[PDB]
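In what follows, a single structure is set out as structure tokens and then discussed.
Start at 1 with the first residue, then count along the sequence. These values consider heavy atoms only, across backbone and side chains, with no hydrogens, waters or symmetry-generated copies.
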Amino acid sequence: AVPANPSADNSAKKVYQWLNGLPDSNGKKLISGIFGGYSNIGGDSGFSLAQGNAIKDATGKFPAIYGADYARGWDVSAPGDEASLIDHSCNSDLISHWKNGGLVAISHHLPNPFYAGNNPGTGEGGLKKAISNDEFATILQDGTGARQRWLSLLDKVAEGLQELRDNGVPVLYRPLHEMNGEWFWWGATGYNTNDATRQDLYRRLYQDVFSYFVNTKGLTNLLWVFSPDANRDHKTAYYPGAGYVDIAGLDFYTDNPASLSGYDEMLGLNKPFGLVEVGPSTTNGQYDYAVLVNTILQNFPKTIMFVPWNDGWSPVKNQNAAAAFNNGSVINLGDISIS
């Protein structure tokens, strides 16, 4: 099994190979992570090492994967300043993390390129502003204002991913996540609706990102994550195909960790599978993270990573983080051995 980009650099190739071996691995086989936050926002949700350091304090382990998100799609910008809503100053810490033997994961709550200023007259940014199939289609038509903002957004993401490339850092790159959910602009029109033409447009949009980044931007360091929402239907209806995807993901929020649906559907892709976003439904500090680690290990053994979200989803703000992260089968920072 080789990366989807035929030009994948050595660093990305050796990581992907190592990920492909872990379900067969006797000892450690389940990679830990945390979401460190959003690049360049204030307060607890902002990116820093704080999320990791709090887990080191609670568990004595630093998560193996540190996640950042480049974008604040919930905020409006000036029309023509849309790339202001993408920031990658998080990269400096992510590079130290790779250098200490951790892995880096990038998502982006992208602004909605259909709207100048990412401003649809809604009272906020267009992150969760739905658009029709006709409106969505304009993001893929040469010469449109939507396509121009789209590429401008992509350029500033690419800038950040290129810096990481130039420091020899492979990236678990998770674009256009939870696409089978009705909430994001890039996602479904409806709640569990089977819209073939939205499905086709999403596949086309993901493929647009893939070739832009693979050809034009020479982003050799990316392992492409396709992570639908575990609590919505038509999970693989949005799959762009084996040629576009390196890692199969689910975003999995629940009060009962055993209730995961989509597992065998997603194993069908024949890709390394991860719970690339994880936490409770109810943000009340009762979620048992040791239960999750055991439930994975016993019931979803092909699973090779778990990445809790930040805030009230963090193991720190919940139960038995220590037990979860010190499980004999868990890979934390310091535990990764690659040729």
Residues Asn112 and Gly126: closest non-hydrogen pair is CB-O, 3.2 Å

*Are the side chain of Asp200 and the backbone N or O of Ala196 linked by a donor-acceptor pair below 3.5 Å?*
no

Polar side-chain atom of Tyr16 near backbone of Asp246 as donor-acceptor pair, under 3.5 Å = yes

Scanning both residues in full, the closest heavy-atom pair of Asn221 with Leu164 reads ND2-C, 4.0 Å

Problem set entry | Expected output: side-chain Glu82 to main-chain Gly117 donor-acceptor under 3.5 Å | yes

ask   = Honestly curious: do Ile338 and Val171 fall in one hydrophobic cluster under the side-chain, below-4.5 Å linking rule?
value = yes

Crowding at NZ, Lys302 (>12 non-hydrogen neighbours, <6.0 Å)
no

Original post:
Can a donor-acceptor pair be found between the side chains of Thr144 and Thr138 at a distance below 3.5 Å?
Top reply: no

| said: I want to check something: taking the side chain as every heavy atom from C-beta on, are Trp183 and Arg232 in contact at a cut-off of under 4.5 Å? | reply: yes

Taking NZ in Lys217 as the centre, count heavy atoms belonging to other residues, nucleotides or ligands within less than 6.0 Å. Is the count above 12?
yes

**Message:** In terms of relative ring orientation, are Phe35 and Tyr38 parallel, tilted or perpendicular, with 30° and 60° separating the classes?
**Reply:** perpendicular

For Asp24, does the CG atom have more than 12 heavy-atom neighbours from other residues, nucleotides or ligands under 6.0 Å away? yes

So, the side chain of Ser48 versus the backbone of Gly36: is there a donor-acceptor pair under 3.5 Å, distance only?
-> no

Exercise. Any side-chain donor paired with an acceptor under 3.5 Å for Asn310 and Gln51?
Worked result: no

Does either side chain, that of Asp81 or that of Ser84, offer a donor lying less than 3.5 Å from an acceptor on the other one? yes

**Request:** Could you tell me whether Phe226 and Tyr244 have their ring centroids closer than 6.0 angstrom?
**Result:** no

Decide yes or no on side chain to side chain contact (heavy atoms under 4.5 Å, CB included) for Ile247 and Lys271, but give the supporting numbers first. CA-CA 5 Å; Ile247 297 158; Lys271 304 292 190 183; 5.7 Å; no

Exercise for review: Indicate whether any N or O donor in one side chain lies under 3.5 Å from an N or O acceptor in the other, for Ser329 and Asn327.
Suggested key: yes

Looking only at heavy atoms, the pair that brings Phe213 and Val157 closest together is CZ-CG1, 3.6 Å

*Are a donor atom and an acceptor atom from the side chains of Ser77 and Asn118 found within less than 3.5 Å of each other?*
no

Using modelled atom types only, decide if a donor and an acceptor are shared between the side chain of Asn332 and the backbone of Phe325 within a distance under 3.5 Å. yes

Considering only heavy atoms from C-beta outward, does the side chain of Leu223 approach that of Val15 to under 4.5 Å?
yes

Item to check | Under 3.5 Å: donor-acceptor pair, side chain of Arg165, backbone of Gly218 | outcome: yes

| query | Any donor-acceptor pair under 3.5 Å linking the side chain of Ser39 with the backbone of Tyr70? | reply | no

Discussion item. Quick check: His177 with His109 (ring centres under 6.0 Å apart)?
Written reply: yes

Distance-only side-chain donor-acceptor flag, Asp9 / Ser11, under 3.5 Å
no

Full working for side chain to side chain donor-acceptor pair (under 3.5 Å) between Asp195 and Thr193: CA-CA 6 Å; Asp195 189 344; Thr193 61; 5.7 Å; no

So, does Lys235 use its side chain to make a donor-acceptor pair with the main chain of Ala230 at under 3.5 Å?
yes

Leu176 vs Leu110, test: side chain to side chain contact (heavy atoms under 4.5 Å, CB included). Steps then yes/no. CA-CA 8 Å; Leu176 309 180; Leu110 287 162; 4.2 Å; yes

### Task
Might you confirm whether atom CG of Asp134 has over 12 heavy atoms from other residues, nucleotides or ligands at distances under 6.0 Å?
no

Whether the side chain of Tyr66 engages the backbone of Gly52 through a donor-acceptor N/O pair (distance < 3.5 Å, no angle test) should be reported.
yes

Heavy-atom nearest pair, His97 first then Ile65, reads NE2-C, 4.0 Å

Given the options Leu222, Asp69, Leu94, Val225, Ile106 meets side-chain contact (heavy atoms from CB on, under 4.5 Å) only with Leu94

Checklist entry - How about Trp150 and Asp208: does a side-chain donor come under 3.5 Å of a side-chain acceptor? => result yes

**Request:** Spell out, yes or no, whether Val291 and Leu260 are grouped together once hydrophobic residues are joined by side-chain heavy atoms under 4.5 Å, including indirect joins.
**Result:** no

Say whether, by atom type as modelled, one donor and one acceptor occur between the side chain of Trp185 and the main chain of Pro111 under 3.5 angstrom. yes

Item to check | Presence of salt bridge, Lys317 and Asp44, under 4.0 angstrom | outcome: no

Does a donor on one side chain sit under 3.5 Å from an acceptor on the other, for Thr282 and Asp255? yes

So with a 6.0 Å cut-off around NZ of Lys128, is the heavy-atom count from everything else above 12? no

Q.
Before you tell me yes or no, could you show the steps for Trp224 and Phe210 under ring pair (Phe, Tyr, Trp, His ring centres under 6.0 Å), namely the whole-Å CA-CA distance, both residues' side-chain angles and the distance that decides it to 0.1 Å?
A. CA-CA 8 Å; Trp224 290 77; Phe210 187 88; 4.9 Å; yes

Indicate whether the side chain of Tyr253 and that of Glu277 have a donor and an acceptor atom separated by less than 3.5 Å. yes

Notebook entry, point to check: In terms of hydrophobic clusters joined by side-chain contacts under 4.5 Å, are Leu153 and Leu151 together?
Noted result: yes

With ring centroids as reference points, do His88 and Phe47 lie under 6.0 angstrom apart? no

Over 12 foreign heavy atoms within 6.0 Å of CD, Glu163 | yes

